[PDB]
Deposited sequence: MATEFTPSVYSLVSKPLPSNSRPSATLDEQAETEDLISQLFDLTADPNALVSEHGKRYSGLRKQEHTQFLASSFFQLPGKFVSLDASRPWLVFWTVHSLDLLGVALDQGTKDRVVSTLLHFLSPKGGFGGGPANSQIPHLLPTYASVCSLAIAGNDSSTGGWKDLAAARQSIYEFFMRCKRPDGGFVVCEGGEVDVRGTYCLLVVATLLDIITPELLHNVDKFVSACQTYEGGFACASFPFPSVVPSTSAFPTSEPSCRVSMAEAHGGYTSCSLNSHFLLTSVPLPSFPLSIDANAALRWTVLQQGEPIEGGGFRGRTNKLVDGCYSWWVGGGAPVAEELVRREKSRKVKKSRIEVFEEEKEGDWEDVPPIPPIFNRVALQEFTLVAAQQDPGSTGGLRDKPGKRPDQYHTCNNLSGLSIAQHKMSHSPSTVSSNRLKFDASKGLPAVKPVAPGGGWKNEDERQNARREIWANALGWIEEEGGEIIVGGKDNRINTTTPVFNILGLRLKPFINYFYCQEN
């Protein structure tokens, strides 16, 4: 199982060569290499039986991380005002982290979570970063709120899911107001256009059964044109004047590559003709694996070429790996197994370098020398989950899903903004519903694919690629909105 995933401790750690050419980049890289490698030297090898005397233990400090999240879950200091427009993310990072850590919230606290988020819902559609009387709707807190309701909510009258169901038409209309002709979405009224919006919108639209042809028009082209020469994806593409050509507007970045790969994947389950426009799957996989750092930097991921490793990219880049791998697999089958990244090294980065030092505040962090935060706690753990478990999109599971789908059950169809913006007829809508639902539930944990570095006490729960919530949350949630319970 570990033949092609060597431990950081079993490899030679050497600096990135200078070639006698110093630069600001190399100065920063060498400094980071020192910070990480020294911590690895101070810490016992997680894989060892005789955990050597005097060295720091690298076990996942689950209770310390639970405390870190608990301490700021009910009250945040005034300095957190910089995140006042992002409070649904603070909810998401906490409740998803607790899910991964296997810590249950009581019903009273869950009810508080549901109540807090519902007040972020505006009647005109979508969630904002704060109460509806304070902030306008935005695609990003819409994703964070919807996912948090999947995690902490339920199907009772105080469970929040009922409220999401009633809001389906208005959320769809908000999505349509965000739409631009070139296939991009603004994140909010008068807001920026980027692929994070596309990802967030596509997740929510998939989960709530509000996908239509008019919502998706050109969306595939916008995403596909974000792919750079490096193989990863930038934030946006520019349409040169329907457009004569589309050009990527920046560097391949881990965050935007995650969003683009995931957006594309969600689009592949919509049965529209000549849709979605293809991406270069092999180039995206290549770019993904190349971002895994050298042994000296602990085998964590960086977000772009010649920048620094960072614990949060364990999710953004690492979590993109199974998606890219499946896309490559589908392309090869369209013409006609060892791990594709170092699953062990990534876990070692998390355990050794990304955890706060023991006996302190707890939480996980960007890198040694950086304060832990909720965002890094969530994304470190999400990445750790992807490395620990072998998540695959299973064609036979999708087939099973197709066989059990009940098309006579469902919530009322969304009314399109444009008269011809909907599905051609009921049969094609039901076929689409089936495909979207069946593929969303296609991710399975491979038997025998589990690798828990440091022993089974380090095991956390299995997050779903593309969605980033536990499968046990995803299933009943999406089943509720598709009436497949």
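Peer 1: From the N-terminus onward, what segments of the deposited sequence lack any C-alpha atom in this model?
Peer 2: Sequence ranges with no C-alpha atoms are 1, 243-254, 350-370, 520.
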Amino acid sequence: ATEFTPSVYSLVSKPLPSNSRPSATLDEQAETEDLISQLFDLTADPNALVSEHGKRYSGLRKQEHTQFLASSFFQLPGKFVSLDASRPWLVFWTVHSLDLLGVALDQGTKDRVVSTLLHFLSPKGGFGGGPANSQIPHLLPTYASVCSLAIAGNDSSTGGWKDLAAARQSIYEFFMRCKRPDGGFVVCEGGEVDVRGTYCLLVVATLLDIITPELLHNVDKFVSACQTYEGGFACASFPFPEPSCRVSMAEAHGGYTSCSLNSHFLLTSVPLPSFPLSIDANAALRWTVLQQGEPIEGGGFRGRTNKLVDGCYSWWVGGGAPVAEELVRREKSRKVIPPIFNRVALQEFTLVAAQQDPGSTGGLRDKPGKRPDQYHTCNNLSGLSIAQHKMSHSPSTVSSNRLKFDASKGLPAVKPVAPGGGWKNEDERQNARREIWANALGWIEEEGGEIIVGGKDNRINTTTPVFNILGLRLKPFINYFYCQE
From here on, numbers count along this sequence of modelled residues.
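Peer 1: Per the record, averaged over C-alpha atoms, which has the higher B-factor: 41-49 or 451-459?
Peer 2: Result: 41-49.
Peer 1: Comparing 76-84 with 205-213, where is the mean C-alpha B-factor higher?
Peer 2: Looking at the recorded C-alpha B-factors, 76-84 comes out higher on average.
Peer 1: Between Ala104, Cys235, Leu308, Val414, which one tops the list for C-alpha B-factor in the PDB entry?
Peer 2: If I rank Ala104, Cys235, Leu308, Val414 by C-alpha B-factor, first place goes to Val414.
Peer 1: Return the residue from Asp220, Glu230, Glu331, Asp99 that has the highest Cα B-factor in the entry.
Peer 2: It is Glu331.
Peer 1: Using the temperature factors of the C-alpha atoms in this entry, rank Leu60 within its chain: lowest, middle or highest third.
Peer 2: It belongs to the lowest third of the chain when residues are ordered by C-alpha B-factor.
Peer 1: Relative to the other modelled residues of the same chain, rank the CA B-factor of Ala165 and answer lowest, middle or highest third.
Peer 2: For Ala165, the deposited C-alpha B-factor lands in the middle third.
Peer 1: For the chain shown, is the CA B-factor of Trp316 in the lowest, middle or highest third of its modelled residues?
Peer 2: As the PDB entry reports it, the C-alpha B-factor of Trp316 lands in the lowest third of its chain.
Peer 1: Ordered by C-alpha B-factor within the chain, which third holds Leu351? Give me lowest, middle or highest, please.
Peer 2: As the PDB entry reports it, the C-alpha B-factor of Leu351 lands in the lowest third of its chain.
Peer 1: Tell me, lowest, middle or highest third: where does the Cα B factor of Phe240 rank within its chain?
Peer 2: For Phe240, the deposited C-alpha B-factor lands in the highest third.
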